[PDB]
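To start, the structure under review is shown below, and the notes come after it.
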Amino acid sequence: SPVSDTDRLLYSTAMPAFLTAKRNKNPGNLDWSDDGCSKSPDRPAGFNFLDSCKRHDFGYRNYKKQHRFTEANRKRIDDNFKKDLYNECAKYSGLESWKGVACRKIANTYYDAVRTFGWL
Numbered sequence: 092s093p094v095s096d097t098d099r100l101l102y103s104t105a106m107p108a109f110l111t112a113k114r115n116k117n118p119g120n121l122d123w124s125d126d127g128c129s130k131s132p133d134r135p136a137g138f139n140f141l142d143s144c145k146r147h148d149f150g151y152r153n154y155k156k157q158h159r160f161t162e163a164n165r166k167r168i169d170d171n172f173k174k175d176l177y178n179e180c181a182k183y184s185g186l187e188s189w190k191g192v193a194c195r196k197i198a199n200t201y202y203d204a205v206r207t208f209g210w211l
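Residue numbers (the deposited numbering): 92 to 211.
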């Protein structure tokens, strides 16, 4: 099912396994292309936001190719993007008190931006 696999990969798959599925284009039937963070840097202040953007692009591109890119589905995909970004930020310990807090503040800005302009 194109929709059950999209949602599994979007909402119930840890990032490394999502990137593996991406790299292998598996399952082949769906859209695996991306423009990274759709011009906003991929690594703002040197933080890796590209993996989260890749998954956010997966969600947008596949819901559009599918029947369901509504405003309420767009928000579910945007919220999963802040989740993914916060997962990356939480990799700073402990120490980078600092990196984690700065990364989260920029993640909030990236999230705010997709909420506002993502319908384009």
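We put the CB at the ideal spot given by N, CA and C, even for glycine.
Open item on the list: Just to confirm before moving on: does the CB-CB distance between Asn164 and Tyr154 stay below 7 Å?
Closed with: yes
Open item on the list: Given this structure, state the Cα-to-Cα distance separating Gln157 from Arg146, to the nearest angstrom.
Closed with: 16 Å
TODO: Alpha carbon to alpha carbon, how far is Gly127 from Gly185? Give it in angstroms, no decimals.
DONE: 29 Å
Open item on the list: Buried or exposed for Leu101, going by 16 or more other Cβ atoms inside 10 Å?
Closed with: buried
Open item on the list: If you measure between the beta carbons of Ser143 and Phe172, is that distance less than 7 Å?
Closed with: Yes.
TODO: Would you tell me roughly how many angstroms separate the C-alpha atoms of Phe140 and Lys174, rounded to the nearest one?
DONE: Distance between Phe140 and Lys174, taken at the CA atoms: about 11 Å.
TODO: For the alpha helix (DSSP H) containing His158, list its first residue and its last residue.
DONE: Premise fails: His158 is in no alpha helix (DSSP H) and is neither H nor E.
Open item on the list: Given a cut-off of 7 Å on the beta-carbon distance, is the pair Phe160 and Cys194 in contact?
Closed with: No.
Task: For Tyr183, three-class secondary structure by DSSP - done: Looking at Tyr183 - three-state DSSP - the assignment turns out to be coil, as it is neither helix nor strand.
Open item on the list: Counting C-beta neighbours from all protein chains within 10 Å, is the total for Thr111 16 or more, i.e. buried, or is it exposed?
Closed with: exposed
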